[PDB]
Every structure is written in C-alpha cells, then in structure tokens.
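Q: Please find one structure pasted underneath; my questions will follow.
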Amino acid sequence: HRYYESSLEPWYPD
Amino acid sequence: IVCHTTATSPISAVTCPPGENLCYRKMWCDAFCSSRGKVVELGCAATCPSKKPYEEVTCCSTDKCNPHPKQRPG
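Encoded structure:
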C-alpha cells in the first residue's frame with residue numbers, strides 16, 4: 551500500500 | 008479548482024487555499040522503504056520546493072499533470 555514510482559495500487563506498489 | 012495528492016490516501020485530490028497555484032513531487036521513501044525505488048508524496052505548491060541531499064521536489068504547471076511513472080504492470 552503505497553504510491554511509489556513503480557505502481558499506484560496498494561497491491562503492486564506495496 | 009483542486010490538486011492531486013499522494014500521502015496516507017490510496018490516492019486523493021486537494022489543494023491549499025489561494026496562495027498555492029500548482030502541484031509538486033516530493034521524492035523520498037517509506038518507513039518500510041520497500042523494493043519500489045522512490046515514494047512520491049504529491050500535493051499543493053506555490054514554488055517548486057526542491058532540496059539537494061535527498062528531496063527532489065519538481066512540479067507540474069497545469070491541471071492533472073502532477074505525477075510520475077506508476078501505472079504499469081511491474
């Protein structure tokens with residue numbers, strides 16, 4: 551769950 | 008009017024009262040600092056808040072165009 555620089559979804563980002 | 012966010016929201020949309028004029032990109036990491044490279048905490052700005060020893064804080068000057076790379080299967 552995060553908005554890193556590789557995803558926006560809290561499933562792909564974290 | 009409004010801006011984008013990223014912070015404790017999954018995502019959200021606010022800007023600050025009339026003083027700020029655009030939206031920004033705070034690059035850092037989580038306390039978990041996960042294997043995703045850089046956390047980016049988007050929000051309201053009047054000038055581009057950039058630092059040098061860690062904080063990249065670039066901008067976008069028009070509507071919706073605030074963010075970074077994110078929405079890809081990776």
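These protein sequence lines are chains A and B, in that order.
Residue numbering for the first sequence follows the working numbering, beginning at 551 and increasing consecutively.
Residue numbering for the second sequence follows the working numbering, beginning at 8 and increasing consecutively.
Beta carbons: idealized from backbone N, C-alpha and C, even for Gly.
Residues of the region 10–31 of chain B with a CB closer than 7 Å to any CB of chain A: list them in chain order, please.
A: Per Cβ criterion, the list reads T13, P17, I18.
Q: Does the distance from the C-beta atom of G26 (chain B) to that of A52 (chain B) stay below 8 Å?
A: Numbered from its first residue, the second sequence carries residue 26 (chain B) at position 19. Numbered from its first residue, the second sequence carries residue 52 (chain B) at position 45. No.
Q: Hey, could you find the ends of the beta strand (DSSP E) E62 (chain B) is sitting in?
A: As a first step, residue 62 (chain B) is located in the second sequence; it is residue number 55 there, counting from the start. Counting along the chain, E62 (chain B) falls outside any beta strand (DSSP E), and DSSP gives it neither H nor E.
Q: Output, in sequence order along the chain, the residues in the region 33–46 of chain B whose CB is closer than 9 Å to any CB in chain A.
A: If the cut-off is 9 Å between Cβ atoms, the region 33–46 of chain B has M34, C36, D37, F39, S41, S42, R43, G44, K45, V46 near chain A.
Q: By how many angstroms is the C-alpha of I8 (chain B) removed from the C-alpha of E555 (chain A)?
A: For the purposes of this step, residue 555 (chain A) is taken as residue 5 along the first sequence, with counting starting at 1. For the purposes of this step, residue 8 (chain B) is taken as residue 1 along the second sequence, with counting starting at 1. Looking at the two C-alpha atoms, the distance is approximately 26 Å.
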